[PDB]
Amino acid sequence: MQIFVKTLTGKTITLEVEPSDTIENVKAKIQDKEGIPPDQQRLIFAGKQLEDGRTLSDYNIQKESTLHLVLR
Ligand SMILES: [Zn+2]
Ligand SMILES: [Zn+2]
Ligand SMILES: [Zn+2]
Ligand SMILES: [Zn+2]
């Protein structure tokens with residue numbers, strides 16, 4: 001599955017993932033793309049705060065879903 005992650009500045013990162021990939025996996029992939037440390041990353045999908053050890057399928061993240069990096 002392909003997803004999009006938008007940074008704080010609105011920059012789009014395209015990621016290739018699987019349903020079973022954890023949010024922690026996703027965060028390391030962001031770090032590789034942008035240099036943003038996993039411990040600085042807060043991810044939201046469909047207004048839900050995403051926990052490191054849950055999976056994309058656990059949040060109903062699907063093909064062509066968009067996640068946001070946020071402050072809080
Ligand atoms: Zn795919
Ligand atoms: Zn696999
Ligand atoms: Zn994976
Ligand atoms: Zn894998």
Side-chain angles (χ1 to χ4, degrees):
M1 36 188 274
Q2 177 161 279
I3 64 172
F4 305 106
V5 176
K6 283 200 196 304
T7 66
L8 291 164
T9 69
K11 189 194 177 182
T12 300
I13 308 181
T14 298
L15 288 179
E16 191 53 33
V17 298
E18 304 191 277
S20 82
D21 269 301
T22 59
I23 292 296
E24 184 179 8
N25 294 351
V26 177
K27 291 182 180 175
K29 291 188 213 281
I30 292 168
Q31 175 187 34
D32 285 357
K33 287 279 198 160
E34 303 300 313
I36 310 168
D39 71 17
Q40 226 170 317
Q41 297 178 42
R42 167 183 185 238
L43 289 164
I44 299 266
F45 170 66
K48 309 165 320 182
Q49 203 179 320
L50 310 176
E51 296 174 331
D52 292 347
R54 285 286 93 213
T55 78
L56 296 177
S57 54
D58 288 335
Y59 295 113
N60 234 148
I61 288 157
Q62 293 209 301
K63 301 164 62 147
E64 332 305 309
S65 287
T66 297
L67 321 193
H68 286 104
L69 282 161
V70 304
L71 308 179
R72 167 65 59 205

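Counting starts at 1 for both ligands and their atoms, following the listed order. Side chains are part of it too, since the values below use all heavy atoms of this structure and drop only hydrogens, waters and symmetry mates. Counting from 1, the numbers follow the sequence of the chain as shown.
Residue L50 holds its CG atom at 11.5 Å from NE2 of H68, rounded to the nearest 0.5 Å.
Within the protein, the N, O or S atoms sitting under 2.8 Å from the Zn ion (ligand 1) are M1 N, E16 OE2.
Residue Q31 places its CD atom among more than 12 non-hydrogen atoms of other residues, nucleotides or ligands, all under 6.0 Å distant.
Looking at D21, its N, O or S atom nearest to the Zn ion (ligand 3) turns out to be OD1.
Heavy-atom minimum distance, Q41 versus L69: CB-CD2, 3.7 Å.
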- Run the numbers on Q2 and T14 for side-chain contact (heavy atoms from CB on, under 4.5 Å), then give the verdict. CA-CA 7 Å; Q2 177 161 279; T14 298; 3.6 Å; yes

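One finds a salt bridge joining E34 and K11 here, because a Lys/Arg side-chain nitrogen approaches an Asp/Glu carboxylate oxygen to under 4.0 Å.
Using a 4.5 Å cut-off on side-chain heavy atoms (C-beta onward), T7 and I13 make contact.
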